[PDB]
$ cat model.pdb   # PDB, N, CA and C atoms
MODEL        1
ATOM      1  N   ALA A   1     -18.565  14.863  18.574
ATOM      2  CA  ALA A   1     -17.432  14.504  17.648
ATOM      3  C   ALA A   1     -17.783  13.307  16.768
ATOM      4  N   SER A   2     -16.946  13.135  15.770
ATOM      5  CA  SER A   2     -17.065  11.992  14.822
ATOM      6  C   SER A   2     -15.767  11.284  14.810
ATOM      7  N   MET A   3     -15.834   9.976  14.767
ATOM      8  CA  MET A   3     -14.700   9.128  14.567
ATOM      9  C   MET A   3     -14.402   8.934  13.134
ATOM     10  N   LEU A   4     -13.232   9.364  12.726
ATOM     11  CA  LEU A   4     -12.855   9.279  11.318
ATOM     12  C   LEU A   4     -12.263   7.903  11.098
ATOM     13  N   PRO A   5     -12.266   7.405   9.841
ATOM     14  CA  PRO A   5     -11.580   6.121   9.579
ATOM     15  C   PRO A   5     -10.073   6.190   9.819
ATOM     16  N   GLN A   6      -9.456   5.110  10.283
ATOM     17  CA  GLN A   6      -8.016   5.084  10.433
ATOM     18  C   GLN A   6      -7.507   3.839   9.788
ATOM     19  N   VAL A   7      -6.297   3.920   9.266
ATOM     20  CA  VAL A   7      -5.701   2.827   8.523
ATOM     21  C   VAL A   7      -4.303   2.645   9.059
ATOM     22  N   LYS A   8      -3.809   1.425   8.921
ATOM     23  CA  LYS A   8      -2.399   1.109   9.261
ATOM     24  C   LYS A   8      -1.632   0.759   7.988
ATOM     25  N   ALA A   9      -0.498   1.412   7.782
ATOM     26  CA  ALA A   9       0.317   1.160   6.584
ATOM     27  C   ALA A   9       0.890  -0.276   6.653
ATOM     28  N   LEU A  10       0.776  -0.973   5.531
ATOM     29  CA  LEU A  10       1.248  -2.314   5.347
ATOM     30  C   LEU A  10       2.693  -2.259   4.747
ATOM     31  N   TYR A  11       2.916  -1.288   3.854
ATOM     32  CA  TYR A  11       4.247  -1.094   3.226
ATOM     33  C   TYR A  11       4.556   0.431   3.289
ATOM     34  N   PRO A  12       5.844   0.830   3.219
ATOM     35  CA  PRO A  12       6.127   2.216   3.184
ATOM     36  C   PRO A  12       5.765   2.791   1.816
ATOM     37  N   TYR A  13       5.627   4.099   1.756
ATOM     38  CA  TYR A  13       5.315   4.805   0.505
ATOM     39  C   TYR A  13       6.041   6.106   0.515
ATOM     40  N   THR A  14       6.680   6.452  -0.605
ATOM     41  CA  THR A  14       7.240   7.782  -0.832
ATOM     42  C   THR A  14       6.406   8.564  -1.781
ATOM     43  N   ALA A  15       5.890   9.673  -1.312
ATOM     44  CA  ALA A  15       5.118  10.571  -2.130
ATOM     45  C   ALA A  15       5.776  10.902  -3.450
ATOM     46  N   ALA A  16       4.967  10.887  -4.499
ATOM     47  CA  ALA A  16       5.483  11.143  -5.840
ATOM     48  C   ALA A  16       5.414  12.647  -6.167
ATOM     49  N   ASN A  17       4.804  13.454  -5.312
ATOM     50  CA  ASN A  17       4.630  14.877  -5.590
ATOM     51  C   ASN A  17       4.148  15.439  -4.279
ATOM     52  N   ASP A  18       4.112  16.762  -4.256
ATOM     53  CA  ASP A  18       3.805  17.531  -3.059
ATOM     54  C   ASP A  18       2.430  17.292  -2.433
ATOM     55  N   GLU A  19       1.494  16.774  -3.219
ATOM     56  CA  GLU A  19       0.136  16.599  -2.809
ATOM     57  C   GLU A  19      -0.123  15.210  -2.266
ATOM     58  N   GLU A  20       0.899  14.347  -2.349
ATOM     59  CA  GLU A  20       0.854  13.019  -1.709
ATOM     60  C   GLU A  20       1.536  13.079  -0.328
ATOM     61  N   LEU A  21       1.235  12.022   0.436
ATOM     62  CA  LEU A  21       1.763  11.818   1.787
ATOM     63  C   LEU A  21       2.652  10.597   1.807
ATOM     64  N   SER A  22       3.883  10.757   2.272
ATOM     65  CA  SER A  22       4.751   9.626   2.586
ATOM     66  C   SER A  22       4.493   9.004   3.946
ATOM     67  N   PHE A  23       4.891   7.733   4.092
ATOM     68  CA  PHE A  23       4.642   7.036   5.347
ATOM     69  C   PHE A  23       5.485   5.767   5.362
ATOM     70  N   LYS A  24       5.605   5.214   6.565
ATOM     71  CA  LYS A  24       6.345   4.018   6.815
ATOM     72  C   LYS A  24       5.393   2.948   7.323
ATOM     73  N   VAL A  25       5.847   1.713   7.314
ATOM     74  CA  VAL A  25       5.085   0.575   7.740
ATOM     75  C   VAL A  25       4.694   0.743   9.171
ATOM     76  N   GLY A  26       3.417   0.502   9.441
ATOM     77  CA  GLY A  26       2.888   0.633  10.761
ATOM     78  C   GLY A  26       2.262   1.941  11.138
ATOM     79  N   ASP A  27       2.548   2.964  10.315
ATOM     80  CA  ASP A  27       1.975   4.274  10.558
ATOM     81  C   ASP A  27       0.495   4.173  10.564
ATOM     82  N   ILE A  28      -0.131   4.891  11.541
ATOM     83  CA  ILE A  28      -1.599   4.972  11.686
ATOM     84  C   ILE A  28      -2.041   6.315  11.119
ATOM     85  N   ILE A  29      -2.716   6.252  10.000
ATOM     86  CA  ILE A  29      -3.113   7.397   9.182
ATOM     87  C   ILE A  29      -4.639   7.588   9.291
ATOM     88  N   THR A  30      -5.059   8.838   9.589
ATOM     89  CA  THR A  30      -6.465   9.221   9.630
ATOM     90  C   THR A  30      -6.976   9.614   8.252
ATOM     91  N   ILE A  31      -8.169   9.182   7.855
ATOM     92  CA  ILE A  31      -8.691   9.376   6.510
ATOM     93  C   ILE A  31      -9.715  10.500   6.508
ATOM     94  N   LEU A  32      -9.448  11.522   5.698
ATOM     95  CA  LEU A  32     -10.290  12.723   5.637
ATOM     96  C   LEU A  32     -11.273  12.678   4.447
ATOM     97  N   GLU A  33     -10.980  11.882   3.419
ATOM     98  CA  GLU A  33     -11.723  11.918   2.178
ATOM     99  C   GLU A  33     -11.236  10.755   1.330
ATOM    100  N   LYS A  34     -12.088  10.298   0.406
ATOM    101  CA  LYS A  34     -11.767   9.181  -0.509
ATOM    102  C   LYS A  34     -11.959   9.596  -1.956
ATOM    103  N   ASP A  35     -11.060   9.136  -2.822
ATOM    104  CA  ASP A  35     -11.199   9.332  -4.259
ATOM    105  C   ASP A  35     -10.727   8.076  -4.969
ATOM    106  N   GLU A  36     -11.630   7.100  -5.065
ATOM    107  CA  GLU A  36     -11.353   5.806  -5.662
ATOM    108  C   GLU A  36     -10.063   5.174  -5.000
ATOM    109  N   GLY A  37      -9.042   4.940  -5.754
ATOM    110  CA  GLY A  37      -7.845   4.266  -5.263
ATOM    111  C   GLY A  37      -6.935   5.099  -4.358
ATOM    112  N   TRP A  38      -7.225   6.395  -4.211
ATOM    113  CA  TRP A  38      -6.420   7.303  -3.376
ATOM    114  C   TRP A  38      -7.237   7.904  -2.290
ATOM    115  N   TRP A  39      -6.703   7.882  -1.072
ATOM    116  CA  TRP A  39      -7.429   8.402   0.092
ATOM    117  C   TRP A  39      -6.674   9.556   0.623
ATOM    118  N   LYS A  40      -7.372  10.574   1.124
ATOM    119  CA  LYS A  40      -6.637  11.700   1.681
ATOM    120  C   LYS A  40      -6.333  11.439   3.145
ATOM    121  N   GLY A  41      -5.044  11.243   3.477
ATOM    122  CA  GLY A  41      -4.612  10.899   4.825
ATOM    123  C   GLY A  41      -4.056  12.061   5.579
ATOM    124  N   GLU A  42      -4.059  11.917   6.896
ATOM    125  CA  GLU A  42      -3.494  12.834   7.821
ATOM    126  C   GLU A  42      -2.642  12.081   8.792
ATOM    127  N   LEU A  43      -1.386  12.537   8.972
ATOM    128  CA  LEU A  43      -0.417  11.878   9.779
ATOM    129  C   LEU A  43       0.539  12.953  10.328
ATOM    130  N   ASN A  44       0.667  13.032  11.639
ATOM    131  CA  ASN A  44       1.613  13.939  12.303
ATOM    132  C   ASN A  44       1.461  15.396  11.787
ATOM    133  N   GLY A  45       0.232  15.839  11.539
ATOM    134  CA  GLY A  45      -0.014  17.174  11.138
ATOM    135  C   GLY A  45       0.243  17.473   9.701
ATOM    136  N   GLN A  46       0.467  16.428   8.911
ATOM    137  CA  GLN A  46       0.579  16.603   7.456
ATOM    138  C   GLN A  46      -0.575  15.897   6.745
ATOM    139  N   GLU A  47      -1.003  16.408   5.602
ATOM    140  CA  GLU A  47      -2.191  15.866   4.863
ATOM    141  C   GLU A  47      -1.747  15.663   3.411
ATOM    142  N   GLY A  48      -2.074  14.520   2.864
ATOM    143  CA  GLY A  48      -1.823  14.290   1.449
ATOM    144  C   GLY A  48      -2.504  12.998   0.993
ATOM    145  N   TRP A  49      -2.517  12.775  -0.305
ATOM    146  CA  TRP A  49      -3.079  11.556  -0.818
ATOM    147  C   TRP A  49      -2.127  10.374  -0.604
ATOM    148  N   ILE A  50      -2.763   9.249  -0.313
ATOM    149  CA  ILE A  50      -2.108   7.958  -0.165
ATOM    150  C   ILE A  50      -2.834   6.917  -1.001
ATOM    151  N   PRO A  51      -2.080   5.953  -1.537
ATOM    152  CA  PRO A  51      -2.685   4.806  -2.223
ATOM    153  C   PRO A  51      -3.324   3.832  -1.255
ATOM    154  N   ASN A  52      -4.648   3.593  -1.409
ATOM    155  CA  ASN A  52      -5.339   2.787  -0.441
ATOM    156  C   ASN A  52      -4.897   1.336  -0.405
ATOM    157  N   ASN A  53      -4.264   0.819  -1.491
ATOM    158  CA  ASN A  53      -3.756  -0.539  -1.462
ATOM    159  C   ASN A  53      -2.416  -0.697  -0.758
ATOM    160  N   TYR A  54      -1.928   0.375  -0.068
ATOM    161  CA  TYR A  54      -0.772   0.306   0.832
ATOM    162  C   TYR A  54      -1.138   0.159   2.252
ATOM    163  N   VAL A  55      -2.425   0.262   2.546
ATOM    164  CA  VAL A  55      -2.884   0.281   3.918
ATOM    165  C   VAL A  55      -4.085  -0.623   4.157
ATOM    166  N   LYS A  56      -4.384  -0.816   5.436
ATOM    167  CA  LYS A  56      -5.531  -1.634   5.900
ATOM    168  C   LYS A  56      -6.310  -0.890   6.920
ATOM    169  N   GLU A  57      -7.597  -0.771   6.628
ATOM    170  CA  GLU A  57      -8.490   0.012   7.481
ATOM    171  C   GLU A  57      -8.610  -0.689   8.799
ATOM    172  N   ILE A  58      -8.646   0.051   9.895
ATOM    173  CA  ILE A  58      -8.707  -0.520  11.247
ATOM    174  C   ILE A  58     -10.161  -0.454  11.622
ATOM    175  N   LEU A  59     -10.763  -1.589  11.910
ATOM    176  CA  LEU A  59     -12.239  -1.641  12.159
ATOM    177  C   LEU A  59     -12.400  -2.180  13.571
ATOM    178  N   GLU A  60     -13.364  -1.664  14.336
ATOM    179  CA  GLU A  60     -13.623  -2.218  15.699
ATOM    180  C   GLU A  60     -14.811  -3.145  15.552
ATOM    181  N   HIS A  61     -14.548  -4.452  15.572
ATOM    182  CA  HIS A  61     -15.629  -5.468  15.462
ATOM    183  C   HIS A  61     -16.482  -5.627  16.756
ATOM    184  N   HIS A  62     -15.862  -5.306  17.895
ATOM    185  CA  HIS A  62     -16.382  -5.628  19.204
ATOM    186  C   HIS A  62     -16.215  -4.436  20.141
ATOM    187  N   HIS A  63     -17.111  -4.392  21.124
ATOM    188  CA  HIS A  63     -17.055  -3.385  22.185
ATOM    189  C   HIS A  63     -15.838  -3.707  23.092
ATOM    190  N   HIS A  64     -15.129  -2.675  23.544
ATOM    191  CA  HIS A  64     -14.029  -2.787  24.557
ATOM    192  C   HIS A  64     -14.359  -1.885  25.754
TER     193      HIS A  64
ENDMDL
END

$ encode --input "model.pdb" --output "structure tokens"
Amino acid sequence: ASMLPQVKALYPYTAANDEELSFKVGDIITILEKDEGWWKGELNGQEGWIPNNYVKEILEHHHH
């Protein structure tokens, strides 16, 4: 398997069209693909574009 990038929403977002993904603050979104300022997210079995400046990538700096 591969570990995909995951991000945590900093602010909520309402999708502007069917191809975007809405989310609330704190949501943990999996990233399937990147296109400059928009990332393709997956959350609760739904997939759509999200603005990357609404979220913060979760990085593991250290072994647990």

$ closest_residue --input "model.pdb" --among "A:45, A:8, A:50, A:14" --to "residue 28 of chain A" --atoms "all atoms listed in the file"
A:8

$ atom_distance --input "model.pdb" --atom1 "atom CA of residue 15 of chain A" --atom2 "atom CA of residue 58 of chain A"
22.2 Å

$ residues_around --input "model.pdb" --residues "residue 39 of chain A" --least-positions-apart "6" --cutoff "7 Å" --atoms "only C-alpha atoms" --output "PyMOL selection string"
chain A and resi 31+33+49-52

$ atom_distance --input "model.pdb" --atom1 "atom CA of residue 55 of chain A" --atom2 "atom CA of residue 11 of chain A"
7.3 Å

$ resolve_selection --input "model.pdb" --expression "the PyMOL selection byres ((chain A and resi 22) around 7)" --output "ChimeraX atom specification"
/A:12-16,20-21,23-24,48-49

$ write_last_selection --input "model.pdb" --atoms "N, CA and C atoms" --output "compact mmCIF listing (two decimals), in the frame of the given file"
# COMPACT_ATOMS: atom_id res chain seq x y z
N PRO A 12 5.84 0.83 3.22
CA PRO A 12 6.13 2.22 3.18
C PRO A 12 5.76 2.79 1.82
N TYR A 13 5.63 4.10 1.76
CA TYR A 13 5.32 4.80 0.50
C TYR A 13 6.04 6.11 0.52
N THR A 14 6.68 6.45 -0.60
CA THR A 14 7.24 7.78 -0.83
C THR A 14 6.41 8.56 -1.78
N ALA A 15 5.89 9.67 -1.31
CA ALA A 15 5.12 10.57 -2.13
C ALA A 15 5.78 10.90 -3.45
N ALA A 16 4.97 10.89 -4.50
CA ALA A 16 5.48 11.14 -5.84
C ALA A 16 5.41 12.65 -6.17
N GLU A 20 0.90 14.35 -2.35
CA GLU A 20 0.85 13.02 -1.71
C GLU A 20 1.54 13.08 -0.33
N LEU A 21 1.24 12.02 0.44
CA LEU A 21 1.76 11.82 1.79
C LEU A 21 2.65 10.60 1.81
N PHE A 23 4.89 7.73 4.09
CA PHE A 23 4.64 7.04 5.35
C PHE A 23 5.48 5.77 5.36
N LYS A 24 5.60 5.21 6.56
CA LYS A 24 6.34 4.02 6.82
C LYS A 24 5.39 2.95 7.32
N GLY A 48 -2.07 14.52 2.86
CA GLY A 48 -1.82 14.29 1.45
C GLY A 48 -2.50 13.00 0.99
N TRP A 49 -2.52 12.78 -0.30
CA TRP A 49 -3.08 11.56 -0.82
C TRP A 49 -2.13 10.37 -0.60

$ select_by_dssp --input "model.pdb" --residues "chain A" --states "strand (DSSP E or B)" --output "count of residues only"
31

$ residues_near_point --input "model.pdb" --point "(-14.5, 12.8, 14.1)" --cutoff "12 Å" --atoms "only C-alpha atoms" --output "compact mmCIF listing (two decimals) with N, CA and C atoms, keeping the file's coordinate frame"
# COMPACT_ATOMS: atom_id res chain seq x y z
N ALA A 1 -18.57 14.86 18.57
CA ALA A 1 -17.43 14.50 17.65
C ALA A 1 -17.78 13.31 16.77
N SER A 2 -16.95 13.14 15.77
CA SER A 2 -17.07 11.99 14.82
C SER A 2 -15.77 11.28 14.81
N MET A 3 -15.83 9.98 14.77
CA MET A 3 -14.70 9.13 14.57
C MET A 3 -14.40 8.93 13.13
N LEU A 4 -13.23 9.36 12.73
CA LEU A 4 -12.86 9.28 11.32
C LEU A 4 -12.26 7.90 11.10
N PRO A 5 -12.27 7.40 9.84
CA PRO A 5 -11.58 6.12 9.58
C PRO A 5 -10.07 6.19 9.82
N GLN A 6 -9.46 5.11 10.28
CA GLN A 6 -8.02 5.08 10.43
C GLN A 6 -7.51 3.84 9.79
N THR A 30 -5.06 8.84 9.59
CA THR A 30 -6.46 9.22 9.63
C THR A 30 -6.98 9.61 8.25
N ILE A 31 -8.17 9.18 7.86
CA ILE A 31 -8.69 9.38 6.51
C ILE A 31 -9.72 10.50 6.51
N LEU A 32 -9.45 11.52 5.70
CA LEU A 32 -10.29 12.72 5.64
C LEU A 32 -11.27 12.68 4.45

$ atom_distance --input "model.pdb" --atom1 "atom N of residue 36 of chain A" --atom2 "atom CA of residue 60 of chain A"
22.8 Å

$ closest_residue --input "model.pdb" --among "A:64, A:46, A:59, A:35" --to "residue 7 of chain A" --atoms "all atoms listed in the file"
A:59

$ closest_residue --input "model.pdb" --among "A:41, A:34, A:47, A:56" --to "residue 9 of chain A" --atoms "all atoms listed in the file"
A:56
